[PDB]
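*Asks:* This is the structure alone, sequence omitted:
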Ligand SMILES: CC(C)CCC[C@@H](C)CCC[C@@H](C)CCC[C@@H](C)CCOC[C@@H](CO)OCC[C@H](C)CCC[C@H](C)CCC[C@H](C)CCCC(C)C
Ligand SMILES: CC(C)CCC[C@@H](C)CCC[C@@H](C)CCC[C@@H](C)CCOC[C@@H](CO)OCC[C@H](C)CCC[C@H](C)CCC[C@H](C)CCCC(C)C
Ligand SMILES: CC(C)CCC[C@@H](C)CCC[C@@H](C)CCC[C@@H](C)CCOC[C@@H](CO)OCC[C@H](C)CCC[C@H](C)CCC[C@H](C)CCCC(C)C
Ligand SMILES: *C/C=C(C)/C=C/C=C(C)/C=C/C1=C(C)CCCC1(C)C
Ligand SMILES: *C/C=C(C)/C=C/C=C(C)/C=C/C1=C(C)CCCC1(C)C
Ligand SMILES: *C/C=C(C)/C=C/C=C(C)/C=C/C1=C(C)CCCC1(C)C
Ligand SMILES: CCCCCCCCCCCCCCC
Ligand SMILES: CCCCCCCCCCCCCCC
Ligand SMILES: CCCCCCCCCCCCCCC
Ligand SMILES: CCCCCCCCCCCCCCC
Ligand SMILES: CCCCCCCCCCCCCCC
Ligand SMILES: CCCCCCCCCCCCCCC
Ligand SMILES: CCCCCCCCCCCCCC
Ligand SMILES: CCCCCCCCCCCCCC
Ligand SMILES: CCCCCCCCCCCCC
Ligand SMILES: CCCCCCCCCCCCC
Ligand SMILES: CCCCCCCCCCCCC
Ligand SMILES: CCCCCCCCCCC
Ligand SMILES: CCCCCCCCCCC
Ligand SMILES: CCCCCCCCCCC
Ligand SMILES: CCCCCCCCCC
Ligand SMILES: CCCCCCCCCC
Ligand SMILES: CCCCCCCCCC
Ligand SMILES: CCCCCCCCC
Ligand SMILES: CCCCCCCCC
Ligand SMILES: CCCCCCCCC
Ligand SMILES: CCCCCCCC
Ligand SMILES: CCCCCCCC
Ligand SMILES: CCCCCCCC
Ligand SMILES: CCCCCCCC
Ligand SMILES: CCCCCCCC
Ligand SMILES: CCCCCCCC
Ligand SMILES: CCCCCCCC
């Protein structure tokens, strides 16, 4: 484990995702509202999945070597197995908050799968220049997601209860800022141009992951928007 | 790329799926009917997924070598990753058109997963004679799907609006004819008996894919069956 | 095939899953109740999936070698591909029986995916002591599932029709007893401590699989709880 300088950030990430999972699990014990139960189930699964994948990276299972640039490059593939399941769950939290229609939910989840799937292909591609073709396709899929979150959901939240509109607006802004950083870290990190070393890259993804999952969840599950209007 | 004679058909397929995706995306911009939005989302995702997998084959990522018959045989595995997601989406288009019940939808999607999954196992199997055992199981799963589309959905469409009944009947006939060709191309192509060479096999799958996805989508999204009855 | 002593139990399992699939398929022909159709579709898919994965193990495709303990250990990975899809389908049978809320269904299916996913990682892990870390995480996920089936569903079934309450109680008890045996067989078998040899381990999993899928299905599909109350 300790033979890799980035191990400290993988261990911290593992701990923070595990602690986040347990807090949400305990906090959700005393909840019977069927609407609130939906948000607790979605939001608790997110850091639980991330916990297992951070642990796999810490123990060395989620790491492979990819030859490109005449070098064997360490690629943590477990990140994409994490994101494949956690990013659509996070979008479902937002879509259920605004009572989005089914067709829009399917478009979001499908574009998200394309985003993560093409990012994985780009991470494992051995022809250096082709890695950035996949990065560009994946980034186009992300821009579609961000467009929908702004010019489809925002207008839908305003016609909703005030507390669900204000909570959505906050979580929307958090998501757009944090998610946009991921393609940048990829491009300048060891998967892309190799400007930033792997140990610093790992620290950046850990800060982003914890903020986008645990921080996101703390804002959502403390809001009254997750409960139905009741007397 | 150009070192493979089949590259021209992979490049054409990539272009036609990309163009198809963009047309459906633009055409769906001016749509607010929640029913129509469902069909546009399903139908636009189909060629978008196929685009990415054709590109992976063009660039050489979606290709592996499988030893059988005393030879290293080029097997494009990316086809099955495509079909795993696009064939159930196409069946969902048909099932939603006739307002099929949930139990029937699950049976269709499950049989479809078995069809594609066993076809993938057959494509990667190293014992030559066993490849055709998997082909037979996969073909049995397809025949179940075709039976349901005829002796379960057809009777359901007649009790529906006339425009949804006539549109379903057309898309049903297109699907049964085109899908039935796939097991035949597999059997006589490089995955099976090896009668037809890979470059011709690739041309045939490209014609079938574009027809079953883009051609299918053009018929559906030009129909009024996708809109609810409104004044 | 016959070069492996466990082949006899893989062949028996294949036959019993295939026969089970055909019986459920025939029995479900004469069913039009939309509620009953749901249970028949879920319950017939379970042994059909298991059939294909037992066949892959029989023919040698679903087997790999994992080095640990200074030895190349035969690991049947196809079991986890089976369980990944069949265990959530079995939980869906139970959840639909008691009309569970959506949030609870998602929590069950998500915990089940974590259970199977971490068990697969543990089966393929090359550092011997780490294999049991994954076993423990997977077992914690199972205990969560069992808790929900007892202290969330049981109370919900009592407020239901008497026949659905008594049928659920029976299937609940069958599930908790049979599922609990799996982590024990893993721990003492070739994936874990290696006390029980592989051929005996394979026999035990076959008895458990057939009972948990075909036996489970025979109890459910003979009950009147799967039909709506009708005159
Ligand atoms: C509606 C939305 C959900 C739609 C989703 C969008 C999606 C279509 C976007 C594209 C996804 C696609 C790129 C997934 C590729 C997975 C692949 C990286 C797995 C590893 O295989 C890659 C190479 C080794 O580098 O295999 C070496 C050769 C091996 C012999 C490969 C044989 C196994 C194949 C991988 C079998 C295909 C399985 C499916 C891809 C499983 C789904 C994986 C997940 C990442 C989507
Ligand atoms: C309700 C419906 C959706 C049900 C679906 C029906 C489905 C059950 C039908 C059978 C599907 C099954 C054959 C999928 C097999 C995937 C497999 C080809 C992936 C590549 O692995 C094959 C060998 C190399 O040749 O791995 C070499 C050895 C490696 C060490 C393998 C270890 C990884 C395992 C593959 C882990 C299992 C992952 C799941 C199979 C992922 C789903 C893939 C998709 C193709 C279903
Ligand atoms: C809501 C719920 C459904 C959530 C589900 C819970 C889930 C997150 C729990 C953890 C699942 C995770 C451990 C799955 C790992 C699959 C992995 C074993 C496949 C084989 O790859 C392992 C190594 C060889 O030993 O690959 C060698 C290196 C290769 C180069 C690997 C590159 C391919 C990657 C495997 C791509 C990721 C694909 C996804 C993991 C596909 C889903 C598989 C299924 C088992 C979940
Ligand atoms: C909890 C994890 C989250 C919210 C991860 C989000 C990840 C992304 C938005 C990743 C995007 C990428 C691109 C847009 C292209 C480059 C490759 C990716 C996958 C890093
Ligand atoms: C857009 C792609 C489509 C509609 C693909 C359809 C593919 C099939 C219907 C494939 C069927 C197969 C068999 C029936 C057995 C032989 C292997 C397959 C997977 C080619
Ligand atoms: C039809 C198959 C069924 C119902 C299989 C159930 C399997 C389990 C409940 C497996 C549980 C495991 C653990 C709890 C940890 C050890 C590894 C597993 C996956 C065997
Ligand atoms: C979206 C965030 C990207 C900003 C990356 C900042 C990295 C600064 C760290 C110093 C770079 C290390 C280079 C010298 C080793
Ligand atoms: C009462 C609110 C705080 C509860 C404690 C939460 C502990 C989980 C770890 C959170 C750290 C990361 C927060 C986002 C920066
Ligand atoms: C379902 C369509 C299958 C028909 C295949 C027709 C192939 C004819 C092309 C000529 C065969 C090439 C053999 C000589 C190289
Ligand atoms: C107005 C209808 C035609 C629009 C142009 C569609 C261009 C997408 C490519 C379609 C070619 C394949 C059609 C099926 C044979
Ligand atoms: C949950 C069931 C686990 C019980 C396992 C009993 C196995 C007894 C078979 C004899 C053990 C073989 C050891 C000598 C070869
Ligand atoms: C009339 C009920 C029996 C029908 C025959 C079922 C045959 C399928 C194989 C069942 C054997 C396994 C039963 C569970 C132990
Ligand atoms: C490729 C993996 C995608 C599945 C991720 C799991 C979450 C799915 C959310 C589905 C939302 C409901 C759509 C109607
Ligand atoms: C194995 C991958 C299957 C999933 C394909 C994605 C489409 C799923 C459609 C689900 C239809 C809704 C069923 C109720
Ligand atoms: C185009 C939709 C408007 C909202 C999206 C904001 C774009 C942020 C740019 C992200 C940069 C990634 C490289
Ligand atoms: C048996 C259901 C009737 C409709 C299915 C038509 C069968 C077409 C044969 C396809 C040939 C594939 C080898
Ligand atoms: C803790 C929830 C109560 C019901 C679960 C029964 C636990 C059975 C123990 C299984 C042993 C697996 C190692
Ligand atoms: C080795 C660098 C080659 C540059 C390729 C950049 C491709 C980016 C595509 C974005 C449209
Ligand atoms: C090398 C050819 C061996 C023939 C096997 C055919 C199997 C087909 C099974 C269809 C029932
Ligand atoms: C080689 C045996 C090492 C023992 C590790 C046991 C780990 C079990 C963790 C359960 C909390
Ligand atoms: C609940 C605390 C979980 C912390 C265990 C993971 C941290 C790795 C320490 C080496
Ligand atoms: C929108 C046009 C997309 C065409 C790019 C793919 C074709 C491959 C050319 C080499
Ligand atoms: C319907 C009977 C299915 C039996 C075939 C599988 C058994 C393997 C025999 C070698
Ligand atoms: C993106 C930063 C999240 C901050 C988490 C703190 C929330 C406390 C209510
Ligand atoms: C299967 C052939 C499809 C033909 C596509 C043309 C549709 C234009 C309306
Ligand atoms: C767990 C044992 C199941 C027994 C199956 C027999 C059911 C006949 C109704
Ligand atoms: C109005 C809410 C502002 C939230 C933005 C937070 C950016 C990290
Ligand atoms: C909408 C604000 C985008 C912020 C992008 C930050 C990328 C590091
Ligand atoms: C490929 C772009 C299509 C141009 C608009 C078609 C008419 C909606
Ligand atoms: C009555 C519609 C006929 C459609 C059949 C088309 C076959 C390619
Ligand atoms: C229902 C007509 C079937 C046509 C099969 C064509 C196979 C090449
Ligand atoms: C009251 C029903 C008892 C069922 C338990 C069966 C254990 C195999
Ligand atoms: C609730 C009874 C548990 C039985 C466990 C059996 C494990 C072999």
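*Replies:* Nice, thanks for sending it over. Residues are numbered from 1 along each chain as shown, chains lettered A, B, ... in the order given. Ligands and ions are numbered 1, 2, ... in the order given.

*Asks:* all contacts plus neighbour counts: C-alpha atoms, from now on.
*Replies:* Will do.

*Asks:* List the contacts of the nearest residue to residue A:175 once chain neighbours are set aside.
*Replies:* Nearest residue to residue A:175, sequence neighbours excluded (CA to CA, 6 or more residues apart in numbering or on different chains): residue A:212, at 6.9 Å. Residues in contact with residue A:212 (CA atoms under 8 Å, 6 or more residues apart in numbering or on different chains) are A:174-175, A:178-179.

*Asks:* What about residue A:173, how many residues nearby?
*Replies:* Using other CA atoms under 10 Å in any protein chain shown, residue A:173 has 12 other residues around it.

*Asks:* measure residue A:188 to ligand 18 for me?
*Replies:* Applying CA to the nearest ligand atom, to the nearest Å, one obtains 13 Å for the distance of residue A:188 from ligand 18.

*Asks:* wait, isn't that residue in contact with residue A:196?
*Replies:* Yes - here residue A:188 reaches residue A:196: they are 6.0 Å apart, a contact under CA atoms under 8 Å.

*Asks:* Let me know the helix or strand that the residue of chain A at minimum distance from ligand 2 is in.
*Replies:* Residue nearest to ligand 2 within chain A (CA to the nearest ligand atom): residue A:81, separated by 11.3 Å. Following DSSP states H and E, one finds residue A:81 within helix A:78-97.

*Asks:* Just give me the longest helix of chain A.
*Replies:* Counting by DSSP state H, the longest helix found in chain A is helix A:162-188.

*Asks:* quick one: is that helix near ligand 27?
*Replies:* Yes - with CA under 6 Å from any ligand atom as the measure, helix A:162-188 is seen reaching ligand 27 through A:170, A:173-174.

*Asks:* Give the members of those residues that are also in contact with ligand 24.
*Replies:* Restricting the residues of helix A:162-188 next to ligand 27 to contacts with ligand 24 (CA under 6 Å from any ligand atom) yields residue A:174.

*Asks:* thinking again about what came up before, ok, the closest residue to the residue of chain A closest to ligand 2 other than its chain neighbours to residue B:133 distance?
*Replies:* Among residues not flanking residue A:81 along the chain, residue A:53 sits closest, at 7.6 Å (CA to CA, 6+ apart). With distances taken as CA to CA, to the nearest Å, residue A:53 is found 37 Å from residue B:133.

*Asks:* do residue A:122 as well
*Replies:* 35 Å.

*Asks:* Which strands border the helix or strand hosting residue A:67, and is each parallel or antiparallel?
*Replies:* Element membership of residue A:67 [criterion: DSSP H and E] is strand A:63-68. Applying DSSP bridges to the sheet, strand A:63-68 is found paired with strand A:71-76 (antiparallel).

*Asks:* quick one: buried residues of the partner strand?
*Replies:* A:73, A:75-76 (16 or more other CA atoms under 10 Å in any protein chain shown).

*Asks:* so which of the residues you listed comes closest to residue A:19?
*Replies:* Closest approach between the buried residues of strand A:71-76 and residue A:19, by CA to CA: residue A:76, at 22.6 Å.

*Asks:* What count of nearby residues applies to the spatially closest residue to the closest one that is not a sequence neighbour?
*Replies:* Spatial nearest neighbour of residue A:76, chain neighbours left out: residue A:63 (4.3 Å); criterion: CA to CA, 6+ apart. By the measure other CA under 10 Å, the count of residues near residue A:63 is 16.

*Asks:* for residue A:230, helix, strand, or coil?
*Replies:* Under DSSP: H, G, I helix; E, B strand; the rest coil, the three-state class of residue A:230 is coil.

*Asks:* Which positions in chain A make contact with ligand 3?
*Replies:* Residues of chain A lying near ligand 3 (CA under 6 Å from any ligand atom): A:49, A:64, A:77, A:81-82, A:85.

*Asks:* picking that back up, what's the helix holding residue A:81 packed up against?
*Replies:* helix A:34-58, helix A:102-124, helix A:162-188 (3 or more CA pairs under 8 Å, 6 or more residues apart in numbering or on different chains; DSSP states H and E).

*Asks:* which parts of that helix are buried?
*Replies:* A:78-95, A:97.

*Asks:* And stretch A:118-135, by the same measure?
*Replies:* A:118-126, A:128, A:131-132, A:134-135.

*Asks:* do stretch A:215-231 as well
*Replies:* Neighbour-count burial for stretch A:215-231 [16+ other CA under 10 Å]: A:216-217, A:220-221, A:225-227.

*Asks:* So which of those are in helices?
*Replies:* A:216-217, A:220-221.

*Asks:* so residue A:64 makes contact with residue A:78?
*Replies:* No - judged on CA under 8 Å, residue A:64 makes no contact with residue A:78 at a distance of 9.4 Å.

*Asks:* Now for these two: what residues contact both?
*Replies:* By CA under 8 Å, 6+ apart, no residue touches both residue A:64 and residue A:78.

*Asks:* For ligand 19, see how far away the residue in chain A that ligand 30 sits nearest to is.
*Replies:* When distances are taken as CA to the nearest ligand atom, chain A reaches nearest to ligand 30 at residue A:103, 27.5 Å away. Separation of residue A:103 from ligand 19 (CA to the nearest ligand atom) stands at 41 Å.

*Asks:* Over to residue A:174?
*Replies:* Counting by CA to the nearest ligand atom - residue A:174 and ligand 19 are separated by 56 Å.

*Asks:* likewise residue A:26?
*Replies:* 55 Å.

*Asks:* ok, and that residue, which helix or strand is that part of?
*Replies:* With DSSP H and E as the criterion, the answer for residue A:26 is helix A:7-27.

*Asks:* quick one: that helix near ligand 21?
*Replies:* Yes - with CA under 6 Å from any ligand atom as the criterion, ligand 21 is reached by helix A:7-27 at A:11, A:14-15, A:18-19.

*Asks:* just the buried members of the residues you listed?
*Replies:* Looks like the residues of helix A:7-27 next to ligand 21 have A:11, A:14, A:18-19 buried, using 16+ other CA under 10 Å.

*Asks:* residue contacts, the residue most central in space within chain A?
*Replies:* Closest residue to the average C-alpha location of chain A: residue A:87 at 4.3 Å, with CA atoms, centre = their mean. Neighbouring residues of residue A:87 by CA under 8 Å, 6+ apart: residue A:112.

*Asks:* Let's see that with 10 Å instead.
*Replies:* A:46, A:80, A:109, A:112-113, A:115-116, A:179, A:212-213 (CA atoms under 10 Å, 6 or more residues apart in numbering or on different chains).
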